[PDB]
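Data first, discussion second: the structure below is written as structure tokens.
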Amino acid sequence: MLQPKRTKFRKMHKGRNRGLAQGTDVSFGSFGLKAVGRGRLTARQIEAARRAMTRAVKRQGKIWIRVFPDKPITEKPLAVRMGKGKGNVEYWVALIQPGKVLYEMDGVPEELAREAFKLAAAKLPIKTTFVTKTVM
Amino acid sequence: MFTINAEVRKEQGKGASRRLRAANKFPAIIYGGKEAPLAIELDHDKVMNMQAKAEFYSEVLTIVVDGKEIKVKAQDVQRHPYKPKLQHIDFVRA
Amino acid sequence: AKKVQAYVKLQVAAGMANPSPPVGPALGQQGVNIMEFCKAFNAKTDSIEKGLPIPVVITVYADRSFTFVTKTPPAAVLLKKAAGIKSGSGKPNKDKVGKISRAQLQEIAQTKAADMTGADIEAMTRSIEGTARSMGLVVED
Amino acid sequence: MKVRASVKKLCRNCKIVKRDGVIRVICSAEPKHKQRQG
Amino acid sequence: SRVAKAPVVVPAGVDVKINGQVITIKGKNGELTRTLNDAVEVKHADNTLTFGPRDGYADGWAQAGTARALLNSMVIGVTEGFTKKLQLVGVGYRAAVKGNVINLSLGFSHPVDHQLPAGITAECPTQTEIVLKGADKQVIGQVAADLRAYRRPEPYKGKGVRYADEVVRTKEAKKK
RNA sequence: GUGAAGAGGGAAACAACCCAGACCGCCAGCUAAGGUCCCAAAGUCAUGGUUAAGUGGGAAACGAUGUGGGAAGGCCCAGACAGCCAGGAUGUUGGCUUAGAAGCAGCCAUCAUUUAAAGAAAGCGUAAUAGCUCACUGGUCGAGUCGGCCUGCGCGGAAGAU
RNA sequence: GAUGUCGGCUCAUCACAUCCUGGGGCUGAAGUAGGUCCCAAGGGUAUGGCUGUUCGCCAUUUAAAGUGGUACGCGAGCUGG
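In the order they appear, the protein sequences are chains A, B, C, D and E. Numbering-wise (the working numbering), the first sequence opens with residue -1 and increments by one. Numbering-wise (the working numbering), the second sequence opens with residue 34 and increments by one. Numbering-wise (the working numbering), the third sequence opens with residue 82 and increments by one. Numbering-wise (the working numbering), the fourth sequence opens with residue 18 and increments by one. Numbering-wise (the working numbering), the fifth sequence opens with residue 102 and increments by one.
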């Protein structure tokens, strides 16, 4: 998994929130993936996605990162009676909402960007969809 | 440049707004200067394909409302947050 | 496979027309004869320059006969000579390893002229210029 | 045949034939590109 | 569209019956058809056995473009034979001919055989070849398949009863 | 909020869900939730459309000229789209690597000419060339056509124990 | 206000994600046996040494000695390790 480099608390509520995010559209790159689904990324998924993306666009592209896991959440091992104490941080989730931008490519063809994002998400569970900045 | 067909909208509130969009008619306003704002409803399908092109956001549009013409520019554009579908577009006069 | 037409084109230097394998079993099969072709070839190569494979066009016939026109040494080889570094150009257009003047290109175009296509001598000169640019040998004259 | 659940593309001579409710591949260049389903 | 709007033809020396949805030709050198269609509209002219899209369908014009070529292919099914060779790689496979039996084997202890249907004529002088020359493009094509389907060309050798094409590559044998 | 402490009607039956709170009787009438092909009371109702999997009547990642509707774009009688006639030339079987890799192991060139069109090339083949075929392009043909987009309904994916 | 735990024995029965036989696809498929994957439950699916082990390890066979459910099947049938 992937985790913060600085913290202030070491456990966090699972958190239930409604849809929509402020970052709805790209504001740097000319391409992106926004979200259609919602859920939580374990953070091995974010790791796999980054990997797959890079291998395609090569060093031609230009990268911007959004979505940061920062909610830890604990997991109690098997053979432990639930609701007696609380487990150890074995999650590092990023609560995601519809329209949440993932990554952002630029400096590449539209086709190349699509088939780096196609490789990325497919190791991210939610359905995604292509973004073209246009001029806005 | 797109020369686009719209008409006055006298139907307001979220309920009516939602209802409107299903009939391919999405709310919108023209405003500019100290002239009165014109609450119109453009046609979804038409504007959808037009706004896909960058021409829309960067050239004088001419929205024919009630046999008159108003020269505007498309300023802000409030899209659906995971579909290329629209929900509203703010127009600031040119 | 090893099927081949009777109008072959091949490059061989002297003493590499003597074996059948680097010309391929392919055209060895035909009415062109390895032995015959070798000694005939190697005679005429003495007068001309050599250093890299030399393009000869053999026209085979079905009576076990053949005729061949041995062309003048390649445009590439001639350009290498002009540039003063020969035995290939390594990997072209990733380094510079020659210089070629407008004068050199014109000379080479006139010598190769017979075997070339081109509207004018000018057309042919540009063809040789494209070979220089393809060998990574710059033209800055 | 060999179960592969995504047709993709493997050759230009992959015809991509829909026979029954499945979409198999018959390929006459290489029999390796055949698959049962899609 | 295309085929389904191209004009049907009944060639000279061929004749047709009045049918509701059956395709039946008569005469000679074209006198056997028995195929059914189930969304044609069997209308007539004097040289066009016409087909259209039957009521209760909206894809009945598929059946019409079918019926067109299907008629025309059994005019020349009878007139012209098919499977005029059917060769084979591999020795000991051979054939024999009795003018209505044609033997085949792959080196089998007992030869396998096809007793050719009525109206289907076959013989051959070459005994690694099977020459059919009977009636109906379909009929012939079925019997043709039964031959070659015992052993087919391989993608490292090509051994196996062929027809008129092979799929083979020069894959490297292992255990060498 | 209900059950607890509430029956009745509906959810196949199923305390907790949905409808509606039973003073009592009457082989009375009108409705609710929910239903109207038969078992089993009432529409094989009217109007229009969609769907062929028995979908409806368990499933997702994901895959697919499935099929219906809408808008836009590319191409089209100055000839598109399929097929068919061809062109497939030349400097140049270019260079590194290798005796020989000289379009097509890997690496580099991937320019220019001939032109209506013709890549120093997509694969088969050869260590690799040679050859075969090909995205590339002209003629013939004779009328519509090619992919995305929004969107409805289907399809595959879909294996278990009396 | 009692539903006898596990294992074996004995007797089974069902499911298929199939170990074997039957039918195939692909193969780097030389033949030869195979490898891999698909269809298939009709039938068939080893004896001993040690250990209560279910299981495992080992020995030697066989076409193969499948896997799981059935109160980790079967004590108002047996044993009581």
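All C-beta atoms in this analysis are idealised placements derived from N, C-alpha and C, irrespective of residue type, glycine included.
Is the CB-CB distance between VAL262 of chain E and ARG253 of chain E below 8 Å?
Result yes, Cβ atoms of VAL262 of chain E and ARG253 of chain E sit closer than 8 Å.
Assign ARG169 of chain E to one of two classes, buried (16 or more other C-beta atoms within 10 Å of its C-beta) or exposed (fewer than that).
Buried.
Cβ neighbours of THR222 of chain E in the same chain (closer than 7 Å, five flanking residues each side left out)
Excluding sequence neighbours, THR222 of chain E sits near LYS234 and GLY235.
Is the beta carbon of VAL80 of chain B sitting closer than 8 Å to the one on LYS106 of chain B?
With respect to the 8 Å criterion, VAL80 of chain B and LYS106 of chain B are not classified as neighbours on the basis of their beta carbons.
Sequence-distant residues of the same chain with beta carbon closer than 7 Å to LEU159 of chain C, five excluded per side
Same-chain partners within the cutoff: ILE189.
So, is the C-beta of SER45 of chain D closer than 8 Å to a C-beta in chain E?
The beta carbon of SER45 of chain D sits closer than 8 Å to some beta carbon of chain E.
So, helix, strand or coil for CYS119 of chain C, using DSSP?
In the structure shown, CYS119 of chain C falls within a helical segment according to DSSP collapsed to helix, strand and coil.
With 8 Å set as the bound, which would you pick, yes or no: does the beta-carbon of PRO114 of chain B sit closer than that to a beta-carbon of chain A?
So, interface residue.
Counting only Cβ-Cβ distances shorter than 7 Å, please list the residues of the region 244 to 277 of chain E near chain D, keeping chain order.
Taking 7 Å as the Cβ-Cβ cut-off against chain D, the residues of the region 244 to 277 of chain E that qualify are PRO256 and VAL268.
Given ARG42 of chain A, which residues of its chain have a CB within under 7 Å of its CB, disregarding the five upstream and five downstream residues?
Result list for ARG42 of chain A: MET(-1), in chain order.
Going by DSSP, what residue range makes up the beta strand (DSSP E) through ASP78 of chain B?
It is not in any beta strand (DSSP E) - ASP78 of chain B instead sits in the alpha helix (DSSP H) that spans 77 to 85.
Use the C-beta contact count for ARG38 of chain A: other C-beta atoms within 10 angstroms, 16 or more gives buried, fewer gives exposed.
With 16 or more Cβ atoms within 10 Å of its Cβ, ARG38 of chain A is classed as buried.
Taking the C-alpha atoms as reference points, what is the distance between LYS120 of chain C and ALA98 of chain C?
When rounded, the separation of the alpha-carbon atoms in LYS120 of chain C and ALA98 of chain C is 8 Å.
Under 8 Å, do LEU71 of chain B and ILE62 of chain B count as touching if we go by C-beta distance?
Their beta carbons are under 8 Å apart, which means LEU71 of chain B touches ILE62 of chain B by this criterion.
Which parts of the region 117 to 144 of chain E are runs of the beta strand (DSSP E), unbroken and 3 residues or longer, counting only runs that do not cross its ends?
If we require 3 residues or more, the beta strand (DSSP E) runs fully inside the region 117 to 144 of chain E come out as 126 to 128.
Hey, which unbroken runs of the alpha helix (DSSP H) at 4 residues or more fall wholly within the region 140 to 216 of chain E?
Annotation: the region 140 to 216 of chain E contains the following complete segments of the alpha helix (DSSP H) (minimum length 4 residues), in chain order: 163 to 173 and 177 to 180.
Could you tell me which residues DSSP pairs with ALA250 of chain E in its beta bridges?
When beta bridges are read from the DSSP output, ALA250 of chain E appears opposite no residue.
Whose C-beta lies closer than 7 Å to the C-beta of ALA156 of chain C among residues of the same chain, with five residues either side of it excluded?
Taken in chain order, the residues that qualify are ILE189, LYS193, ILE209 and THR212.
Cutting at 8 Å between CB atoms, please list the residues of its own chain near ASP214 of chain E, excluding the five before and the five after it.
The answer, listed in chain order, is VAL202, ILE203, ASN204 and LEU205.
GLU142 of chain E to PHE152 of chain E, Cα distance in whole Å?
Near 5 Å, if we compare the C-alpha coordinates of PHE152 of chain E and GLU142 of chain E.
Since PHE29 of chain A sits in a beta bridge, which residues does DSSP pair it with?
Bridge partners of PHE29 of chain A: A:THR130.
Hey, quick one: how far does the beta strand (DSSP E) through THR36 of chain B stretch, first residue to last?
That run of the beta strand (DSSP E) goes 36 to 41.
Proximal residues to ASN30 of chain D (C-beta, below 7 Å), its chain only, five neighbours per side dropped
Around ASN30 of chain D: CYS44, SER45 and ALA46.
Just the Cα atoms here: how many angstroms apart are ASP144 of chain C and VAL93 of chain C?
Here the alpha carbons of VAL93 of chain C and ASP144 of chain C stand approximately 24 Å from one another.
Would you report the Cα separation of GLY208 of chain E and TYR251 of chain E, rounded to the nearest angstrom?
Looking at the two C-alpha atoms, the distance is approximately 12 Å.
Does the region 55 to 71 of chain A come into contact with the region 94 to 101 of chain A, if we say contact requires no fewer than three beta-carbon pairs (one atom in each stretch) closer than 8 Å?
Contact between the region 55 to 71 of chain A and the region 94 to 101 of chain A is present, because at least three Cβ pairs lie under 8 Å.
Chain-ordered chain B contacts of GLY97 of chain A [CB-CB under 8 Å]:
Per Cβ cutoff of 8 Å: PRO114 and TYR115.
For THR227 of chain E and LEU150 of chain E, the rounded distance between their alpha carbons:
If you draw a straight line from the Cα of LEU150 of chain E to the Cα of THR227 of chain E, it comes to about 41 Å.
Determine contact between the region 107 to 122 of chain E and the region 168 to 186 of chain E, defined as no fewer than three beta-carbon pairs at a distance below 8 Å.
Contact between the region 107 to 122 of chain E and the region 168 to 186 of chain E is present, because at least three Cβ pairs lie under 8 Å.
For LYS32 of chain A, decide whether its Cβ has a neighbour in chain B, counting only Cβ atoms nearer than 8 Å.
Yes, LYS32 of chain A lies at the interface with chain B (some Cβ there is under 8 Å from its Cβ).
Using the C-alpha atoms, what's the distance from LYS129 of chain E back to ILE241 of chain E?
Approximately 18 Å between the Cα atoms of the pair.
Counted within 10 angstroms of its Cβ, other Cβ atoms place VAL89 of chain C as buried (16 or more) or exposed:
By the neighbour-count rule (16 or more Cβ atoms within 10 Å), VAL89 of chain C is buried.
When the Cα atoms are used, what is the spatial distance from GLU88 of chain B to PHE35 of chain B?
Our two residues, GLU88 of chain B and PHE35 of chain B, have alpha carbons roughly 8 Å apart in a direct line.
CA-to-CA distance, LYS127 of chain E to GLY259 of chain E, given in whole angstroms:
The alpha-carbon atoms of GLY259 of chain E and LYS127 of chain E are separated by roughly 43 Å.
Here's a check: name, in chain order, each residue in its chain whose Cβ is nearer than 8 Å to the Cβ of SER146 of chain C, leaving out the five neighbours to either side.
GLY112.
Paired residues, beta bridge with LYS26 of chain D - DSSP:
Assignment of beta-bridge partners to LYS26 of chain D by DSSP yields no partner.
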